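The structure appears right after this line, and notes come after that.
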Amino acid sequence: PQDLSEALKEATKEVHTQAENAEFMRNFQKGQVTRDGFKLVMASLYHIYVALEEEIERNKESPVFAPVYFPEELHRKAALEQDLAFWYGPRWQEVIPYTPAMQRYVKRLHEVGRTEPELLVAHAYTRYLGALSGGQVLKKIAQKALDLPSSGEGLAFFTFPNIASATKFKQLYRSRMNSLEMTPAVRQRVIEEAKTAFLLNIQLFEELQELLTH
Ligand code: HEM
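Throughout the sequence shown, residue numbering follows the authors' numbering, covering 10 to 223 in sequence.
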């Protein structure tokens, strides 16, 4: 259209469906994910968000990213660390897995963070705006399914405590994106990188899936 925000939303409409329909994402929606599989995604989110957030601290002051810099509001690193300690034990840093589908995603994140920063925004957008436009169902089914004891831990990642209204924030973010300066080329690329994002995720589920069935 004419809004960076409306462009992406639409551009990734199809791939998003591809993401939803993943064999591992659908088994989840239908609430049939074992503690093992759930323990895999948490370990995936951790590696992705550390890379993501790390590259964000690199371009925090950069004009290409500064406008969407919201550390308190969004940063998930600490949230995932807390969760991962519950899921793997005080030794999670030592035990947790690091698969090749995780490695690609992390690798892409850094290439972008250093040679194509103007694109970092597409990933931030996908991760943060994604898990903010829909983190309720991910929690709703997470809760019921796993039915872990009354431990009160392991799912912090799903609660952005520093945002009262998701509605208003998602609105501030789109405003800030739409305010990002970028040449027609860069724009088409950023949109293209948002697709890249989804493919890294979709490719991730599939790899976590084959991993379960062993
Ligand atoms: C159970 C699986 C999923 C379901 C059913 C789901 C559902 C949705 C829904 C209904 C919205 C609100 C869209 C709107 O009305 O504007 C949304 C937005 C979005 N989702 Fe998901 N989603 C899922 C998986 C994913 C995955 C894996 C990602 C990737 C990180 C993701 C990224 C996004 C993004 C970026 C948006 C917002 C786009 C925008 O605001 O322009 N979603 N999702």
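The beta-carbon is built from N, C-alpha and C at its ideal position, and this holds for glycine as well.
In the displayed model, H119 falls within a helix according to three-state DSSP. DSSP places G139 inside the alpha helix (DSSP H), whose first and last residues are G139 to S142.
The way I'd put it, the stretch 98–115 does touch the stretch 201–218; three or more beta-carbon pairs between them come closer than 8 Å. Secondary structure of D92 (DSSP, three-state): helix.
Residues of the same chain with a CB within less than 6 Å of the CB of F95, apart from the 5 flanking positions on each side, are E162 and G163 in chain order. A distance below 6 Å between beta-carbons, with the five flanking residues on each side excluded, links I57 to the following residues of its chain, in chain order: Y114. Secondary structure at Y78: coil, using DSSP grouped into helix, strand and coil. For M111, the distance from the CB to the nearest heavy atom of the ligand HEM is not below 8 Å.
Take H119, set aside five residues on each side of it, and the residues of its chain with a beta-carbon closer than 7 Å to its own are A60 and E64, in chain order.
Each residue's CA atom was taken as its position, placing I105 and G144 some 23 Å apart.
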